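If you're matching them up, the sequences are chains A and A' in order. A prime marks a further copy of an entry chain.
Going letter by letter, the first sequence gives residues 35 to 194, 201 to 253, 262 to 403, 411 to 436 in the authors' numbering.
Going letter by letter, the second sequence gives residues 35 to 194, 201 to 253, 262 to 403, 411 to 436 in the authors' numbering.
Positions of the beta carbon are idealized from the N, C-alpha and C atoms, including for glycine.
Protein chains: 2
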Amino acid sequence: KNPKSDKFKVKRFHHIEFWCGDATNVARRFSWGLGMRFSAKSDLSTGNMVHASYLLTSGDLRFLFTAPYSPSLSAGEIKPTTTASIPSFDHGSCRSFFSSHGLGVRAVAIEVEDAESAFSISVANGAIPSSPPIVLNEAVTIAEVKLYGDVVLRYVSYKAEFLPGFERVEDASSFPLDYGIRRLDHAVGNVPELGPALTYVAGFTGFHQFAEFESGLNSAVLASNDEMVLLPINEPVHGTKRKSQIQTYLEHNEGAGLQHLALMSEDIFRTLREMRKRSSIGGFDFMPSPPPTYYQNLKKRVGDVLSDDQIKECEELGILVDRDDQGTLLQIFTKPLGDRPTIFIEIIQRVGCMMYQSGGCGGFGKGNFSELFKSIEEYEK
Amino acid sequence: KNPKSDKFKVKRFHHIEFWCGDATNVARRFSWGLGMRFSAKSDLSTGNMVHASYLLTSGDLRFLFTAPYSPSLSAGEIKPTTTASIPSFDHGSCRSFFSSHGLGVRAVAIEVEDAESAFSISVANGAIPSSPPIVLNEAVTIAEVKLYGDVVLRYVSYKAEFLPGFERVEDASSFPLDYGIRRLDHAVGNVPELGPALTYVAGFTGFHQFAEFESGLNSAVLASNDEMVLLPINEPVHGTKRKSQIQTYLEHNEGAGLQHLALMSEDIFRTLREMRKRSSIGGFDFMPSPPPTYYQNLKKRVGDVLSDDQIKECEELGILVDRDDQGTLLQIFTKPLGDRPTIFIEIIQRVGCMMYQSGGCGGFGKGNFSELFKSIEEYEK
Ligand SMILES: COc1ccc(-n2c(=O)c3c(C)c(C(=O)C4=C(O)CCCC4=O)ccc3n2C)cc1
Ligand SMILES: COc1ccc(-n2c(=O)c3c(C)c(C(=O)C4=C(O)CCCC4=O)ccc3n2C)cc1
Ligand SMILES: [Co+2]
Ligand SMILES: [Co+2]
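#1: Per the contact definition of three or more C-beta pairs closer than 8 Å, is the segment 334 to 352 of chain A' in contact with the segment 419 to 433 of chain A'?
#2: Counting only beta-carbon separations shorter than 9 Å, does A:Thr58 have a partner in chain A'?
#3: For the beta strand (DSSP E) that A':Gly375 lies in, which residues bound it at each end?
#4: I want to verify the contact list: residues of chain A' whose CB lies under 8 Å from the CB of A:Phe123, in sequence order.
#5: Please state whether DSSP places A:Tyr88 in a helix, a strand or coil.
#6: Going by C-alpha distance, which of A':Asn36, A':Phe317, A':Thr100, A':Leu346 is nearest A':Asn82?
#7: Can you list the residues of chain A that A':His308 reaches, using a CB-CB cut of under 7 Å?
#8: Measuring only between beta-carbons, confirm whether A:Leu270 sits less than 9 Å from chain A'.
#9: Give me the chain A residues within the contact set of A':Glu302, using Cβ-Cβ distance strictly less than 7 Å, ordered along the chain.
#10: Starting from the beta carbon of A:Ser133, find every residue of chain A' whose beta carbon is closer than 7 Å, and list them in chain order.
#11: Could you please give me the residues that DSSP links to A':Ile396 through a beta bridge?
#12: Anything in chain A' within Cβ reach of A:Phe215, meaning under 7 Å, just list it in chain order.
#13: Using only CA atoms, which one of A':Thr245, A':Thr239, A':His226 lies nearest to A':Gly415?
#14: Please indicate yes or no: does the CB of A:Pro105 lie closer than 8 Å to some heavy atom of ligand 2?
#15: Taking the continuous beta strand (DSSP E) assigned at A:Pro280, which residues delimit it?
#16: Compare the C-beta of A:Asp274 with all C-beta atoms of chain A' and state if any pair is closer than 9 Å.
#17: Let me confirm a value: A:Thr115 is counted as buried when at least 16 other C-beta atoms fall within 10 Å, else exposed. Which label applies?
#18: On the DSSP bridge assignment, give the partners of A:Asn230 in chain order.
#19: Which residues, taken in chain order from the segment 58 to 72 of chain A', show a beta carbon closer than 7 Å to some beta carbon of chain A?
#20: For A:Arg188, which residues in chain A' fall below 7 Å Cβ to Cβ?
#21: Give me, in chain order, the residues of the same chain whose beta-carbon lies closer than 6 Å to that of A':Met312; leave out the 5 immediate sequence neighbours on both sides.
#22: Give a yes or no on whether 9 Å exceeds the smallest Cβ distance from A':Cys54 to chain A.
#23: Could you tell me if A:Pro102 is buried or exposed, where buried requires 16 or more neighbouring beta carbons within 10 angstroms of its beta carbon?
#24: Take A':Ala242 and list the residues in its own chain whose beta-carbon comes closer than 8 Å to its own, dropping the five residues that flank it on each side.
#25: Contact between the segment 47 to 57 of chain A and the segment 91 to 100 of chain A is defined here as three or more beta-carbon pairs at a separation below 8 Å; is this criterion met?
#26: I'd like to know if A:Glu145 contacts chain A', where contact means its C-beta is closer than 9 Å to some C-beta of that chain.
#27: Whole angstroms is fine: what's the gap from A':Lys193's alpha carbon to A:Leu377's?
#28: If we require 3 or more residues per run, which beta strand (DSSP E) segments fall completely within the segment 60 to 148 of chain A?
#29: Along chain A, in chain order, which residues have C-beta atoms closer than 9 Å to that of A':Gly136?
#30: I want to see whether chain A' comes within less than 9 Å of A:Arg371, judged by CB atoms only; does it?
#31: Which residue wins for smallest C-alpha separation from A:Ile393, given the options A:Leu320, A:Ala118, A:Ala304, A:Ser164?
#32: Give every residue of the same chain whose Cβ lies closer than 6 Å to the Cβ of A:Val353, excluding the five residues on either side of it in the sequence, and list them in chain order.
#33: DSSP three-state label for A':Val369, please.
#34: Tell me whether A:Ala310 counts as near ligand 3, meaning its Cβ is closer than 8 Å to at least one heavy atom of that ligand.
#35: For A':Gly386, which residues in chain A fall below 7 Å Cβ to Cβ?
#36: Between the segment 76 to 92 of chain A and chain A', which residues of the former have a C-beta closer than 8 Å to a C-beta of the latter?
As structure tokens, this is what we get:
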């Protein structure tokens with residue numbers, strides 16, 4: 035049941051912005067770890083005296099990494115005279131964000147038809163404003179509303201190349217890495233209470249609850273009209289034996305924030321081979337592979353879709369598999385991206401639900424929880 | 035003339051400690067960019083609730099990367115109950131350091147015979163104390179005095201594996217990278233006034249002025273008794289046409305600090321090949337190569353030591369060459385290591401002055424300034 039109640043016209047995920055202390059080093063580690071190319075820059079070399087920002091791209095995926103410069107470089111400017119290419123940026127907000135959360139996502143940015151209209155209708159429907167709409171070089175407008183914790187939902191709209205003031209990077213510096221990652225699939229938040237978060241976000245966007253099918265969570269998924277912008281949210285469930293990983297998140301993160309980003313790959317086997325090659329030489333580490341019993345019980349549950357050739361290929365890479373009633377899903381999780389046990393990345397491939412592929416095809420692999428658990432028990436036996 | 039006036043027994047450079055906002059990402063970028071192996075860790079997985087610290091090693095070189103966790107994790111501890119493996123660490127000092135300077139060196143640590151004695155004699159001779167001597171697991175003692183800006187000189191002494205509380209890292213995670221880098225050669229500071237800095241540091245260490253032979265600088269080199277611990281210091285020279293890079297440093301860094309670390313390589317040609325391979329895939333970038341005229345004029349100045357086979361091999365890699373009267377030196381500079389135009393790295397090889412090799416053999420390549428300049432002019436002609 036998809037009511038299609040978007041209060042404004044939403045298109046697709048546009049970019050994810052990371053607030054760091056040093057954008058150069060984080061950007062280079064991510065570039066190598068995920069196979070993302072250096073696409074554009076705004077920094078001292080482009081006249082930006084306020085913040086350094088570097089964009090990585092892989093297919094449609096856009097990762098933005100930003101860190102502040104000393105405020106002394108831009109003490110003489112005023113908001114109308116600013117050299118910052120992202121007008122919402124603020125030194126104190128950024129330093130406070132990163133000292134409070136460490137490395138994490140500041141903005142989930144979606145492209146819309148009219149950013150100003152999306153901001154106005156949003157706040158008229160209960161959104162807490164973060165930065166009012168601003169028009170950039172009469173060409174793009176950007177506005178921000180609060181999403182949860184210190185994460186903002188950023189609206190971007192174009193009249194007619202990332203953002204004004206940014207520059208394309210030199211051919212030399214830009215090496216054409218690509219491990220198969222193609223676009224952002226969903227972005228997930230951890231909150232203390234799911235109800236008020238769901239009520240709040242649904243209420244200013246009009247996103248509807250996405251169709252679902262006893263460890264830690266309780267979650268829900270808001271989705272846009274075409275279900276191409278998916279925004280899951282988790283809350284912890286207390287009093288269990290194994291303490292909630294969601295509560296672990298909230299303690300180390302100092303409150304709500306973005307938990308994981310799910311990236312879609314065209315060939316999840318090539319992605320996971322190439323990412324695993326680089327794990328111990330600067331890239332990313334993966335959550336430990338599930339017991340061989342798990343793969344023994346996969347025949348009986350996904351026999352019709354996965355040949356054991358493609359199946360044993362998942363065993364090599366430790367991939368997890370789940371299926372809904374319309375589709376099937378391949379997924380694996382990284383270890384946390386930084387010092388704290390907070391944000392991590394999911395690589396996914398969806399097969400099914402062709403018409411183009413419809414969003415959420417296969418679900419989000421929640422069954423994999425119980426399945427994994429069962430496997431563990433069976434492999435101990 | 036080497037007076038050998040060390041006020042206490044100094045051995046060698048022990049490690050360099052980096053204060054960052056996220057130690058994981060910086061460590062991984064450096065590991066891949068310089069070919070340093072992951073050696074030890076102190077973090078949540080080792081019981082450290084205060085700070086995450088990761089050590090990289092290449093030969094004798096030890097790079098330590100540290101970032102704070104949320105203070106909430108260790109709000110119940112007191113200094114006697116701390117879980118921090120580096121007792122000098124302080125959340126507010128670290129956050130203030132990194133918001134003020136960005137990524138940079140916090141500690142230059144030298145090994146000595148008795149850290150307590152080195153601290154006491156130091157402060158009795160004018161050193162500003164930073165952290166008093168502390169004994170760790172009845173085995174190692176660490177003490178800190180101020181060096182310049184917010185950089186400290188750290189004394190380390192062992193009774194008899202990095203530091204107590206640290207753990208050796210898993211064989212898997214630890215990939216045996218090595219591009220030839222073998223030890224730290226010198227660590228250089230930029231200050232507003234060279235005289236008071238020289239007076240101050242010489243006065244509490246007893247380090248003597250190292251033997252020397262019109263662009264930006266004015267510098268001097270303090271050295272220990274055997275001249276194996278070298279501590280150059282620069283100040284800016286104003287009023288020139290091209291603004292001092294030292295003054296550029298001080299403005300963007302928000303005061304004095306460490307400008308560059310010089311790392312010695314066993315084969316500088318292998319190091320520079322392997323580092324250059326990785327420049328655009330997560331590693332480091334290099335200062336643009338000097339004009340071919342520069343290499344034309346090299347025959348006439350280093351003909352006796354460098355064969356043109358080894359010489360044209362420098363042309364490939366852009367290496368710079370200088371010579372003193374006792375030795376010869378090969379050197380090249382990276383672009384800055386982070387967002388700000390502050391800290392950078394020098395790779396060097398010294399050939400000459402055998403007996411073991413004596414410190415400073417070849418000097419520090421200051422002649423290369425004028426030489427480079429001349430070359431530029433000649434290549435324009
Ligand atoms: C080896 O030890 C392990 C291995 C794996 C796990 N695990 C996850 O963390 C995990 C996640 C985070 C999702 C997920 O994607 C997410 C939901 O949970 C909430 C709604 C939508 C959504 O996107 C799906 C399955 C998962 N599994 C099996 C724990 C311990
Ligand atoms: C292509 O544009 C360029 C290329 C290169 C340079 N340059 C440096 O930065 C540079 C440095 C930093 C040292 C050095 O190591 C240092 C001293 O200067 C102070 C005392 C001891 C010490 O260790 C030696 C030679 C250098 N040269 C030619 C500027 C602009
Ligand atoms: Co997911
Ligand atoms: Co040098």
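To lay it out plainly:
#1: Touching, yes.
#2: The sequence position of residue 58 of chain A within the first sequence is 24, counting from 1. So, interface residue.
#3: By 1-based counting over the second sequence, the position of residue 375 of chain A' is 327. A':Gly375: member of the beta strand (DSSP E) spanning 375 to 381, first to last residue.
#4: Taking the first residue of the first sequence as 1, we reach residue 123 of chain A at position 89. Residues of chain A' passing the Cβ test: none, with the nearest at roughly 14 Å.
#5: As a first step, residue 88 of chain A must be located in the first sequence, where it is residue number 54. Strand.
#6: Residue numbering aside, residue 82 of chain A' sits at position 48 when the second sequence is read from its first letter. Looking at A':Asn36, A':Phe317, A':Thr100, A':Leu346, the one whose alpha-carbon comes closest to that of A':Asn82 is A':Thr100.
#7: One-based indexing of the second sequence puts residue 308 of chain A' at position 260. What A':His308 touches in chain A: nothing, since even the nearest Cβ is about 16 Å away.
#8: Within the first sequence, numbered from 1, the residue matching residue 270 of chain A stands at position 222. Output row for A:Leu270: interface = no.
#9: Counting from one through the second sequence, the residue named residue 302 of chain A' turns up at place 254. Taking a Cβ-Cβ cut-off of 7 Å, the neighbours of A':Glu302 in chain A comprise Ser104, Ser106, given in sequence order.
#10: Here residue 133 of chain A is taken as the residue at index 99 of the first sequence, counted from 1. Correct list: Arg129.
#11: By one-based count along the second sequence, residue 396 of chain A' stands at place 348. DSSP output for A':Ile396 lists A':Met312, A':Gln379 as bridge partner(s).
#12: One-based indexing of the first sequence puts residue 215 of chain A at position 175. Ordered by position in chain A', the residues that pass the 7 Å Cβ test against A:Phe215 are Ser328, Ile329.
#13: In the second sequence, counting from the first residue as 1, residue 415 of chain A' sits at position 360. Of the listed residues, the one whose Cα sits closest to A':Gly415 is A':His226.
#14: Translated into the one-based positions of the first sequence, residue 105 of chain A becomes position 71. No - ligand 2 has no heavy atom lying nearer than 8 Å to the Cβ of A:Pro105.
#15: Taking the first residue of the first sequence as 1, we reach residue 280 of chain A at position 232. Per DSSP, the continuous beta strand (DSSP E) segment holding A:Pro280 begins and ends at 278 to 282.
#16: Here residue 274 of chain A refers to the residue found at position 226 of the first sequence. Among the CB atoms of chain A', none fall inside 9 Å of the CB of A:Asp274.
#17: Position 81 of the first sequence, counted from the start, is the residue given in the question as residue 115 of chain A. A:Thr115 comes out exposed.
#18: Looking up residue 230 of chain A in the first sequence gives position 190. Paired residue(s): A:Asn282, A:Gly305.
#19: The segment 58 to 72 of chain A' vs chain A, Cβ under 7 Å: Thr58, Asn59, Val60, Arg62, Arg63, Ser65, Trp66.
#20: If you number the first sequence from 1, residue 188 of chain A lands on position 154. Under the 7 Å cutoff, chain A' gives no residues; its nearest Cβ is about 22 Å from A:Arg188.
#21: Mapped onto the second sequence, residue 312 of chain A' falls at position 264. For A':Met312, where only same-chain residues beyond five positions count, the Cβ hits under 6 Å are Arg222, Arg223, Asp225, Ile396.
#22: Along the second sequence, one-based indexing puts residue 54 of chain A' at 20. Residue contact with chain A for A':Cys54: present (Cβ-Cβ distance below 9 Å to some residue of chain A).
#23: In the first sequence, residue 102 of chain A corresponds to position 68, counting from 1. For A:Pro102, the number of other beta carbons within 10 angstroms of its own is at least 16, and it is reported as buried.
#24: Your numbering for residue 242 of chain A' matches position 202 in the second sequence. Residues of the same chain with a CB within less than 8 Å of the CB of A':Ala242, apart from the 5 flanking positions on each side, are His248, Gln249, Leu270 in chain order.
#25: The count of Cβ pairs closer than 8 Å, one atom from the segment 47 to 57 of chain A and one from the segment 91 to 100 of chain A, reaches three, so the stretches are in contact.
#26: For the purposes of this step, residue 145 of chain A is taken as residue 111 along the first sequence, with counting starting at 1. No, A:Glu145 lies away from the interface with chain A' (no Cβ there is under 9 Å from its Cβ).
#27: What you label residue 193 of chain A' is simply residue 159 of the second sequence in a count that begins at 1. What you label residue 377 of chain A is simply residue 329 of the first sequence in a count that begins at 1. Rounded to the nearest whole angstrom, the CA to CA distance from A':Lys193 to A:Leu377 is 58 Å.
#28: Qualifying beta strand (DSSP E) stretches, in chain order: 71 to 76, 85 to 92, 95 to 102, 138 to 146.
#29: Locating residue 136 of chain A' in the second sequence gives position 102, where the first residue counts as 1. Correct list: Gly55, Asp56, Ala101, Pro102, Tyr103, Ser104.
#30: Taking the first sequence and counting its residues from 1, the one referred to as residue 371 of chain A is at position 323. Cβ-Cβ to chain A' under 9 Å: no for A:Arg371.
#31: Position 345 of the first sequence, counted from the start, is the residue given in the question as residue 393 of chain A. Minimum Cα distance to A:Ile393 is reached at A:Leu320.
#32: By 1-based counting over the first sequence, the position of residue 353 of chain A is 305. Once the five neighbours on either side are set aside, the close Cβ partners of A:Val353 are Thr376.
#33: Reading the second sequence from its first residue, position 321 is the one you call residue 369 of chain A'. The three-state secondary structure of A':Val369, taken from DSSP, is strand.
#34: Counted from its first residue, the first sequence places residue 310 of chain A at position 262. Result yes, Cβ under 8 Å from ligand 3.
#35: The sequence position of residue 386 of chain A' within the second sequence is 338, counting from 1. Within 7 Å Cβ-Cβ: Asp56, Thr58, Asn59.
#36: Within the segment 76 to 92 of chain A, the residues whose Cβ lies closer than 8 Å to some Cβ of chain A' are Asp77, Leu78, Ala86, listed in chain order.
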